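Architecture and fold: a report
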Amino acid sequence: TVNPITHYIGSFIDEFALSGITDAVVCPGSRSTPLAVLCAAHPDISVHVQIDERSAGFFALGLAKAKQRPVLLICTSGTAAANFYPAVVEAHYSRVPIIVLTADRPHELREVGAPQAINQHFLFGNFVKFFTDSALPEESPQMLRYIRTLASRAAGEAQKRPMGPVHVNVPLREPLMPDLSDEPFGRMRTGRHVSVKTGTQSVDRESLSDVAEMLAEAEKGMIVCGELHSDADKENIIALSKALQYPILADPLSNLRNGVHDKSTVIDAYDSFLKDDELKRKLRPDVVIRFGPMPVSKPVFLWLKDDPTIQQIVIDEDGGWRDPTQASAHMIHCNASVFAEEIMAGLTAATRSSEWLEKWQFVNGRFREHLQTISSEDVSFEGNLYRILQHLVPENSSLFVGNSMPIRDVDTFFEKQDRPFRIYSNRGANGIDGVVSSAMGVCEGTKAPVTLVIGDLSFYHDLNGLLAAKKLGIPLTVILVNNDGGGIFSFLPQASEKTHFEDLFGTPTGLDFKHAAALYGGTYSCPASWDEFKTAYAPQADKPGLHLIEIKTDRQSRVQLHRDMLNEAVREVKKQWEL
Amino acid sequence: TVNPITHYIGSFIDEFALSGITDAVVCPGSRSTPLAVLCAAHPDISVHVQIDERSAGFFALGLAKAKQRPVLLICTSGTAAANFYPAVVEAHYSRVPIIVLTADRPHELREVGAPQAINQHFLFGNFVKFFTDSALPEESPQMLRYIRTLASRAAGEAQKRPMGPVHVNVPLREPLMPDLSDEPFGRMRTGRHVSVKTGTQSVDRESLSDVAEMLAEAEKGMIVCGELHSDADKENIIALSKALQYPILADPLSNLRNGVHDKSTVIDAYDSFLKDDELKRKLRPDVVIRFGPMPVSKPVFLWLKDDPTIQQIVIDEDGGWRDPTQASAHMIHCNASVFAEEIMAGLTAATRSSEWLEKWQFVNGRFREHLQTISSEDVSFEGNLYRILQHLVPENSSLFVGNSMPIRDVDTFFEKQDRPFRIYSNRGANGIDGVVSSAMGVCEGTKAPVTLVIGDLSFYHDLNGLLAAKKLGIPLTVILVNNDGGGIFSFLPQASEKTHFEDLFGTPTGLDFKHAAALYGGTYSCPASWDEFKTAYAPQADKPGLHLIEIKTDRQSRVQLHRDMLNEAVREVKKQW
Amino acid sequence: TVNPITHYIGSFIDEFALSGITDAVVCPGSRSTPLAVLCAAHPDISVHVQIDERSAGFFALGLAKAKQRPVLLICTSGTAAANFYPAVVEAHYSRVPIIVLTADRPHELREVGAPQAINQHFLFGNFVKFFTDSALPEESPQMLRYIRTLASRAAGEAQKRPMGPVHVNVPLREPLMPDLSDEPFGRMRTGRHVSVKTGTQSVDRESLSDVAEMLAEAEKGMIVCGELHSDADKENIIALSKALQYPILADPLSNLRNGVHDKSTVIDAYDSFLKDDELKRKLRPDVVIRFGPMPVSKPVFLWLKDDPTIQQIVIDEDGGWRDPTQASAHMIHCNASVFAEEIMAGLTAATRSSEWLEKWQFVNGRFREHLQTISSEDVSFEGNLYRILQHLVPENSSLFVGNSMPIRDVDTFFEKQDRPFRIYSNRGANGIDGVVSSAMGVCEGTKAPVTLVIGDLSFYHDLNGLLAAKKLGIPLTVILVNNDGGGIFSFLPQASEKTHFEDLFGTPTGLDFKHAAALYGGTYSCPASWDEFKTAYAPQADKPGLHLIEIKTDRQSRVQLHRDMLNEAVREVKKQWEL
Ligand SMILES: Cc1ncc(C[n+]2csc(CCOP(=O)(O)OP(=O)(O)O)c2C)c(N)n1
Ligand SMILES: Cc1ncc(C[n+]2csc(CCOP(=O)(O)OP(=O)(O)O)c2C)c(N)n1
Ligand SMILES: Cc1ncc(C[n+]2csc(CCOP(=O)(O)OP(=O)(O)O)c2C)c(N)n1
Ligand SMILES: [Mn+2]
Ligand SMILES: [Mn+2]
Ligand SMILES: [Mn+2]
Ligand code: NA
Ligand code: NA
Ligand code: NA
């Protein structure tokens, strides 16, 4: 008897391959037997095996995040699928295309207390934009058309704007092993069963009129740019700002701070200097153009929120609604490059004055220049790491930035610079979970060196993710910023309420992470100065190697030091202004 | 200028305490500040701080599994809550009561791209029997009544049969820090705002007629008994099987293989000998009574499923539907003790024939007796562990058993004995996830020694759960069964196909676990013999102390040796006959 | 002191008006007080009061279908909202924008057995693309920004492609009456709080290459056009068929059969003649281009489904996936006009051969000519009503076509003609529910005459929808095709199993509908010939006026007369073809 799984799943897997899927992250199980095996057999899909399904999730995340096209993510029936939940959520908010396949029992064994079986229908709720429970396998030509169409449709839904996770629950009946000598991947058509052509979203010159006029009329504007992934969008946003002569508050994930592009318009110190009331009044713009999601900067958020008379224009091609201020005045569902090209074409020919832009460049330059006069030697002040690391991230490598303080410190401390490198971070939901695995995935995805900057609780959180270093031979340099607990919470007003603060917020572990390096076969460094940090820090991607570089820092004293440093620089700016 | 959070959340947490909540498992975060601070400040609730929310969830699972009453599980907004999903699923199917509180942002900050904010409504779907999005804090008498009522209700729901997880999403608005010096816990009533009294379920004399008739008139019955947690139900199920003279196929989770109760009726080798067609025909029963969920034994499942003419009577007080054979003939939603007694009170004085019982005892005695003559010295054969460890587990302690082969090996090799101890396992959904933390929770829950028997892939899966040892000073003995990979898959007929087997199923980590022991401050042992295993093995609960005992075994040769051993004790049974 | 509801809900309703809402369909209730009163008081919103929520829902459906922009749909707490489900489902599949607002009890009165309170959270599941449970009313400036933003957002989501229903559940605390003397609609800005600019989707020249290339090369192509709304799209689809010389199988809902456009390419008898295997064999195309949802024609479906080697190109601007054949070869997520212009731009100037097209025009013309010769005098044969009615539908009016046989008969017997009028049908889910109220709403919507052709079970189903005639003074001409039961089931192979058929499928009512006309103050006709019909039939929209025109037909003999009549025409075609 032919087993219907051979050609049904064969066709399913083959069609994903035809769709451009080149990678599959697979977690072991018996029930998922045919999905796994057939991904392995298929010559166009590379299989990455991961034991911990939570890490597996964030690994696929990182992979897909790197290439901006989907990867398969496969597990067996039971709590295995439930473990994907954190990564699916992050993928949903970050708009990362993932195709989740979960094996399931057939109907006669569901909802009746069979071993390892759970309700997998709509498991991920609305975090996935497409869900289906595939038909029990069948061999008819009509059902093979159905299964290939399902695969294409799933891949198509993942890549369709609001890119995100999709979910196919795959019930499978016993005899699970596909017959690999019976052309399981056999096709009827020459190429793709169905090719899916998704498109760009545009808003025309005319409906854009209100916005063009307010931009034509406002000398005082600023562009706020969060996470960016498109080169074209970056070139065009930069061009747009020169045409308007508006400064760009550039979030680190925007990657406008680091590159050979023109940066005269780029402002990198705003998170610090905008905490001052007086500089805010001075730099208050009449109009704001936002690109991408909200920047990391809390002071930019508070600024737009607490001053709603500032007219915000929000550009989001995907047509979502990302504006926690409730104060934005225009929500524009337009490709960033189309939007910028249209505005530029509508402006008059006269080069605008750069006076307004100069105020910003003045405040920014004077801020950074004063910071330079303040010592960065002390490795135990957490801030200094970033003041040093910015200059050392090798050209064309990736920097994966942990949540909690590291993404805030990168924002605070990274100045604009001429060397290309990519900053990545899990900013859809800001989890400290699966960060190691995301960085691992990014590495698989880019095939270039990756540095991961990460706090100790986060590191601990995804210790399991280090398995990929050896098991998959994935090179990674981890900069572990270890202040033994949750350093971010020291910034809360409630940090003085000391009877509970340490138990419930500081939460130290006391862990010696050199044992984690050994566990996962990585090398270990614990530099006591930047000279020896520089000697230790050498990311690479030519061969396997896990390098843990641990920096011990003092969370109990960092807040006052941090604030004195910045306040002192802000104070200097105000003095220069008065000259 | 009062913060409404002070008394609103104060009243919320205080009421949980009034309901009998004594433990809160708490994961750090900003938005959950009042939840965590108030649990900490309240004199009746012990706080257990966990960093890894996935671990935290299984830690709470184990705590509530040990006590059969709800604990609080708390986290802040975002992917934190999503990390509770695996434990919530297991609690759902194991029927473990847990009250999940997830901090959220307020409305003006939801669904709008705010930092760390996710859609938390109905987060766990129907794995939870009760969900609500609680009101934004307000301090009026009416809303304080509402909030106290919600806590009790949440508590009551988790304990209402099918016990299980419940979820309250708690949106909170800045000023987050409650004012501790302003009587946050103040009430209007002397005790509980609302006391919830749930009850036992009963089916009456009449409705049990057809069933009590068939049992009376059937000589050839067996009782299948999986996981049980009731002392009364255990006694009565035994009483019952004496009155009828039916054998009891005791799943390890029934715990009927290890206690002071009478065990003449208890059968423990069935999973092994029922693999033979001939012994099955000899011992084919007319009627089967089931208590608890499905036993671990696949052969018992396949028996009832492939011989549908065997009449099954399934007893389930919770009214669930656990029977993947699709062939049971009576589903009875009645308390196990009430059912047993009603069946017994309707039996005549006609002292029952025990030949049928004796056929079972014969087969069990002969199986065990022959196996005993087989050498157990080789530490590298996985089965031997359980053959030795059975006699070593301290009295009044707990053995937590990992999924995959360990629960199966416990089934195969644990014989009935008089030494009392409890066996636990995550058999709701058989995950290899969070097993270490569940054992950790059981230890906290019982304040008695705990031994965890776990395979290597599962141990790696919840390495992070070991943090509880130093951070919470919970003692634990871990017997790490390391065969470097997924040993269970070797039993599959598809293990023969070699090109992919190892990659996709074997999946070795090659991890050296001594480094893990160092990481979490545990003492390490790697005994080459049962003598040094004995010296190393010393579970205790008086002080902190993590002990990792690694047994290296060979999965490549394990199956063939396992089958020989067993097929030989079966052959020997068929001859003694 | 002040009631929060006054400015909270006031700001909510005012912002909907600022969004473009001009109509609110409202159902009475106590808990929905502020919603209904404030809509009533607002100068830009017309309130339409419907008692039966199910009718209300379909009425809102027709109103929004007519104008292609959203309306408010409002009811109190409880089963009232559950009665919107059928309309919401139809709006979802038909892609009709509706903003559904449901009043609710406050938290302290929910899930605790309070009178009339049900769980309204996610009431409509995923039939709505946006749902929220709004905050309890508050008066703070931040919450008035939140609620105005919510109104904009709800409106924006209903109009955002795949247009459809959205749901806001509105919990309200008692004292419910807003203070109308305290400027409930007061703004913080001049004009819209946020303006939402949706755009259009385009695929660029380059990713259209393969499809353009195959279309330039395929002589034998066909365009299949289902429900259309855009005038630009019609013009461009027609232009494209001439550039390519492809016939357009024009579904009645394309409205390509009844307008001033060039119809030289329009094929109208395909549903009939494509039932024949030999004509199918002769007219088989290599490529198919689909616009709009699937047509009504079952024969076209089965054709495309059973010959998967016919290469289909489906254009769907909204990004959905409408193809029940599982056989399509390309899904293009692109504006139809844009797609059309791109293909035309890539075509050479060379004369396109018209022989292929002439085969189709020949078949169609011969079919229709032979049908001309078959008499239509018999008012008891249902087909005839449509052969007569097509020339009688007043120019610039609407024909709303009931589901079941009417839509099929319209497809069968409406030929192309130069007279303009619009045909509407609820083809989203094909329900026989709410058709009257839909019609009523199309009349409110177009401010022009509406004719409704509907079968008797359907007409019975929404008898309540006729209240809108008296109560709301809406004129409607109802052509009631009464065959006493489910006429359509006679085409089933199972109409022979007489032992259960009449009981389960025929389902006669015996109802004398003149009582219904009387109940609702309508005038009644029962024409015995087409002459009496031509005399009674006079759709208008200047005054109130409900006209019920009943046609009694015989479903027992219909099928054979129908099939004989069409097969006769088909056979004439083949004869003619041989000459
Ligand atoms: C999965 C998850 N759980 C909890 C949180 C709440 N949270 C935000 S920051 C933080 C502490 C992070 O500590 P660490 O990684 O050491 O960085 P640090 O604060 O020391 O810079 C926590 C627990 C979260 N963001 N994600
Ligand atoms: C969370 C989860 N992922 C995957 C599975 C599928 N599964 C069942 S047993 C097993 C292998 C476990 O290996 P180990 O703990 O070493 O036990 P062994 O098979 O060697 O006895 C797997 C992957 C599961 N049950 N749960
Ligand atoms: C709400 C609903 N219920 C049932 C159906 C199934 N259905 C399709 S046609 C039909 C019969 C309708 O009869 P009628 O309106 O008299 O038109 P006729 O069939 O006589 O052409 C039914 C019940 C449906 N489409 N919608
Ligand atoms: Mn830290
Ligand atoms: Mn193992
Ligand atoms: Mn009818
Ligand atoms: Na492969
Ligand atoms: Na406490
Ligand atoms: Na009005």
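Side note on the overall build of chain A
When helices and strands are counted, chain A shows 22 helices and 20 strands. In terms of overall size, chain A behaves like a compact globule, its C-alpha atoms giving a radius of gyration of 26 Å where 579 residues would be expected to give roughly 25 Å. Dimensions along the principal axes, computed over C-alpha positions, put chain A at roughly 90 × 60 × 45 Å. Counting all 579 residues of chain A, 67% fall into the buried class. Counting only contacts in chain A whose residues sit at least 6 apart along the sequence, the fraction spanning at least 24 positions is 79%. Total accessible area on chain A stands at roughly 19000 Å², and carbon and sulfur atoms take up 50% of it. Treating the 58 positive side-chain charges of chain A as one cloud and the 73 negative ones as another, the clouds have centres 0 Å apart.

A closer look at the relation of the copies chain C and chain A
The relation between the two copies of this chain is a rotation about an axis and a shift parallel to it. In screw terms, the move from chain C to chain A is a rotation of 180° and a rise of 0.0 Å along the axis, fitting with an RMSD of 0.2 Å. Such a turn and shift between the copies fits a two-fold axis. If distances are taken from each C-alpha of chain C to the rotation axis, the shortest is found for C:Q201, at 2.2 Å. Taken as a fraction of all interface residues of chain C, those also at the interface in chain A reach 94%, which identifies the copy contact as same-surface.

Description of the domain arrangement of chain A
All names here are of chain A. Entries for chain A in the domain assignment read domain 1 (1-195), domain 2 (196-377) and domain 3 (378-579). Put simply, the middle of domain 1 and the middle of domain 3, counted by C-alpha atoms, are 35 Å apart. In this complex, domain 1 contributes 21 residues to the contact, which on the side of domain 3 involves 26 residues. Taking both partners together, domain 1 and domain 3 bury about 1700 Å²; carbon and sulfur atoms supply 60% of that area. If you sort the residues of domain 1 by the area they bury against domain 3, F58, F59 and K65 come out on top, with a joint share of 28%. One can count zero salt bridges joining domain 1 with domain 3.

Some words on helix α11 (residues 298-306) of chain C
Residue and element names in this part refer to chain C. Within α11, burial applies to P299, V300, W303 and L304. Down the axis of α11, the sector holding all buried residues measures 130°, keeping them to one side. Facing away from the buried side of α11 by over 90 degrees, the exposed positions are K298 and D306. The backbone nitrogen of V300 lies 3.2 Å from a side-chain oxygen of the residue at the head of α11, namely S297.

Quick notes on the interface of chain B and chain A
Contacts between chain B and chain A engage 77 residues on the former and 75 residues on the latter. Across the chain B/chain A interface, buried area totals approximately 6300 Å², and carbon plus sulfur atoms make up 63% of it. By the criterion of area lost to chain A, the three top residues of chain B are B:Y460, B:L504 and B:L519, representing 11% of everything that side buries. Of the charged contacts in the structure, one is a salt bridge between B:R54 and A:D52, with a shortest N-O distance of 2.5 Å. For the pair chain B and chain A, the interface holds 28 residue pairs in polar contact. If one sorts the elements of the side of chain B that touches chain A by residue count, helix α2 (residues 33-41) of chain B sits on top with five residues. Split by residue class, the side of chain B that touches chain A holds 44 nonpolar, 19 polar and 14 charged.

Focus on the domain arrangement of chain B
All names here are of chain B. Each assigned domain of chain B is listed here: domain 1 (1-195), domain 2 (196-377) and domain 3 (378-577). Just the C-alpha atoms count here: the centres of domain 2 and domain 3 sit 28 Å apart. Residue-level contacts link 37 residues of domain 2 with 35 residues of domain 3. Of the roughly 3400 Å² buried between domain 2 and domain 3, counting both surfaces, carbon and sulfur atoms make up 59%. Its largest share of buried area at the contact with domain 3, domain 2 owes to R257, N258 and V296, together 15% of the area lost on that side.

Observations regarding the coordination of the sodium ion (ligand 7)
Protein coordination of the sodium ion (ligand 7) is provided by A:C39 (O), A:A40 (O), A:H42 (O) and A:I45 (O), with donor distances spanning 2.2 to 2.6 Å. Mapping the donors of the sodium ion (ligand 7) onto the primary sequence gives the spacing C-A-x1-H-x2-I.

Notes on the site of ligand 1
If you check the shell around ligand 1, you find 24 residues, and the closest are A:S404, A:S458, A:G487, A:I488 and B:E53. More than one chain reaches ligand 1: the nearby residues come from chains A and B. Between ligand 1 and A:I488 there is a distance of 2.9 Å, counted from an oxygen atom to a backbone nitrogen or oxygen. Compared with its free state, where it exposes 590 Å², ligand 1 has 97% of that area covered by protein. Looking at the shell around ligand 1, the elements that each hand over two or more residues are α15 (405-413) and α17 (456-461) of chain A together with α4 (79-82) of chain B. Here the shell around ligand 1 gets three residues from one element, more than from any other, and that element is α17(A).

A look at the packing of aromatic side chains
All told, the structure shown has 49 aromatic pairs over all chains when counted by the stated rule. Seen in terms of ring centroids, C:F12 and C:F16 are 4.7 Å apart; in terms of plane orientation they differ by 65°. Their pairing is edge-to-face. Pair noted here: C:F12 and C:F16 are both in helix α1 (residues 4-19), with a separation of four residues, about one helical turn. By relative accessible area, which is 1% here, C:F12 ends up buried. Residue classification places C:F16 among the buried residues on the basis of a relative accessible area of 0%. Among the aromatic side chains, those forming a connected cluster through ring pairs are A:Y85, A:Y93, A:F124, A:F127, B:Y85, B:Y93, B:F124 and B:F127.

Some remarks on the packing of helix α3 (residues 53-67) of chain A against helix α5 (residues 85-94) of chain A
Residue and element names in this part refer to chain A. One way to put it is that α3 packs onto α5 with a least axis distance of 8 Å and a crossing angle of 25°. Taken as axis vectors, α3 and α5 run roughly parallel relative to one another. Touching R54, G57, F58, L61 and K65 of α3 are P86, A87, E90, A91 and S94, all from α5. Residues that form the contact of α3 with α5 fall into these classes: five nonpolar, two polar and three charged.

What about a negative patch on the surface?
Residues A:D179, A:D182, A:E183 and B:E497 make up a contiguous surface patch of negative charge. Summarising the element assignment, A:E183 is placed in the loop between β6 (165-171) and β7 (195-197). Judged by its relative accessible area of 63%, A:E183 falls in the exposed class.

Thoughts on the site of ligand 2
Near ligand 2 you find 24 residues, and of these A:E53, B:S404, B:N483, B:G487 and B:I488 are the closest. With respect to ligand 2, its neighbouring residues span chains A and B. Note that a nitrogen atom of ligand 2 is positioned 2.7 Å from one of the side-chain N or O atoms of A:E53. Bound to the protein, ligand 2 loses 97% of the 590 Å² it would expose on its own. For the shell around ligand 2, the elements supplying multiple residues, two or more each, are α4 (79-82) of chain A together with α15 (405-413) and α17 (456-461) of chain B. No other element matches the four residues that α17(B) contributes to the shell around ligand 2.

A few points about the interface of chain C and chain A
Put simply, an interface is often sized by how much accessible area is lost when its parts join up. Contacts between the two partners involve 35 residues from chain C, matched on the other side by 33 residues from chain A. Buried area between chain C and chain A, both sides added, is near 3200 Å², and the carbon and sulfur share of it is 48%. Run the count over chain C and chain A and you get zero salt bridges. On inspection of chain C and its partner chain A, the count reaches 29 residue pairs in polar contact.

Things to note about the sheet that holds strand β10 (residues 248-250) of chain A
Taken in spatial order, the seven strands of this open sheet run β11(A)-β10(A)-β9(A)-β12(A)-β13(A)-β14(A)-β7(C), and their pairing is parallel. Either end of the sheet is taken by a strand with one partner, and the two such strands are β11 (266-267) of chain A together with β7 (195-197) of chain C. By the bridge criterion, two bridges tie β10(A) to β11(A) in an arrangement that is parallel. Each residue of the ladder has a partner; that of A:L249, found in β11(A), is A:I267. This element, helix α7 (residues 209-217) of chain A, spans β12 (287-291), β13 (311-315) and β14 (330-332) of chain A of the sheet and lies at about 125° to β13(A).

Topic: unusual backbone geometry
For A:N430, which is not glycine, the phi dihedral falls at a positive 60°. In this fold, A:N430 is placed in the loop between β16 (422-424) and α16 (435-446). At B:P162, a position not held by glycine, the phi torsion is positive, near 25°. By secondary structure assignment, the location of B:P162 is in the loop between α6 (141-159) and β6 (165-171). Using a relative accessible area of 35% as the deciding quantity, one classes B:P162 as partly exposed.

Scoring rules and cut-offs
- Residues numbered from 1 in each chain as written, not as in the entry; some residues may be left out.
- Chains lettered and ligands numbered in written order.
- Part of a larger assembly, values for the part shown.
- Heavy atoms only, no water.
- Helix = DSSP H or I, 4+ residues; strand = E, 2+ residues; numbered from the N terminus.
- Rg over C-alpha atoms; globule rule 2.2 N^0.38 Å.
- Buried < 20%, exposed > 50% of the residue type's maximum accessible area, 1.4 Å probe, protein only.
- Contact = heavy atoms within 4.5 Å.
- Areas by Shrake-Rupley, 256 points an atom, 1.4 Å probe, with all protein chains shown as cover.
- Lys, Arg positive; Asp, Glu negative; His and termini not counted.
- Charge placed at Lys NZ, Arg CZ, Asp CG, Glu CD.
- Least-squares fit on C-alpha atoms.
- Domains from an automatic or database assignment.
- Buried area = accessible area lost by both parts, 1.4 Å probe.
- Salt bridge = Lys/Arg side-chain N within 4 Å of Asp/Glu carboxyl O.
- Arc of directions from axis to C-beta.
- Polar contact = N/O pair within 3.5 Å; in protein donor to acceptor, adjacent residues only side chain to side chain.
- Nonpolar A, V, L, I, M, F, W, Y, C, P; charged D, E, K, R; others polar.
- Donors = N, O, S within 2.8 Å, 3.2 Å for Na, K, Ca; no water.
- Near = heavy atom within 4 Å.
- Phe/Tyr/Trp six-rings, centres within 6.5 Å; stacked < 30°, edge-to-face > 60°.
- Axes fitted to C-alpha atoms, helices over the stretch in contact; angles between N-to-C directions.
- Parallel < 35°, antiparallel > 145°, perpendicular 65-115°, else oblique.
- Patch = residues over 30% accessible without salt bridge, like charges linked within 9 Å, V, L, I, M, F, W, Y side chains within 5 Å.
- Pairing = 2+ DSSP bridges.

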